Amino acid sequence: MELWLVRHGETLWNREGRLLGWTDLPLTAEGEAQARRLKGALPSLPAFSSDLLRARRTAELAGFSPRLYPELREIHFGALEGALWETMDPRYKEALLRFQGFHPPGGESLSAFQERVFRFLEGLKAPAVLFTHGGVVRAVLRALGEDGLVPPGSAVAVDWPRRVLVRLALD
């Protein structure tokens, strides 16, 4: 199934290097600019989006009117929300890097996050554009045997659940 996953544009915590999960931050000026550049670069297919502001705004600026789905939310970092990546506990950084055995207090476990994301994707019966987050795109890429690191305001098209089709980044 052809699915286009879009990482929302940047927020202040991107440059600041703080873990951004369910904290509802707005896009930055550049973040909106990235969103606008996506217009005309994404196929006109039914659209879905995380209900968080930065994702919704990205969708709008990109010219879409997406179905809202909390299932497309970034992982809930719980007590780690807002934590500086640079100062995070080695055990936590390791779990995140290896993408496994990660369950922050007051948050969501990576396994529950994956289950939520993949269950949602499984329900899509036709091609669509999905406005979402870095961790969601990385869970998908990693499940497809690839590096799940993509720039804010960039997109990846995949043939779920078989392979990555193309990675799209703009300047």
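In this text, residue numbers run from 1 along the sequence as written.
101-109 and 130-138 differ in mean CA B-factor, and the higher of the two is recorded for 101-109.
Comparing 66-74 with 31-39, the higher mean C-alpha B-factor in the PDB entry belongs to 31-39. Listed residues 52, 144, 124, 61 were ranked by CA B-factor as deposited; 61 comes out on top. Among the modelled residues of its chain, residue 153 has a C-alpha B-factor that falls in the middle third according to the deposited record. Placement of the Cα temperature factor of residue 165 within the chain: lowest third of the modelled residues, per the deposited record. Ranked by C-alpha B-factor against the other modelled residues of its chain, residue 24 falls in the middle third. For residue 10, the recorded CA temperature factor ranks within the middle third of the chain's modelled residues.
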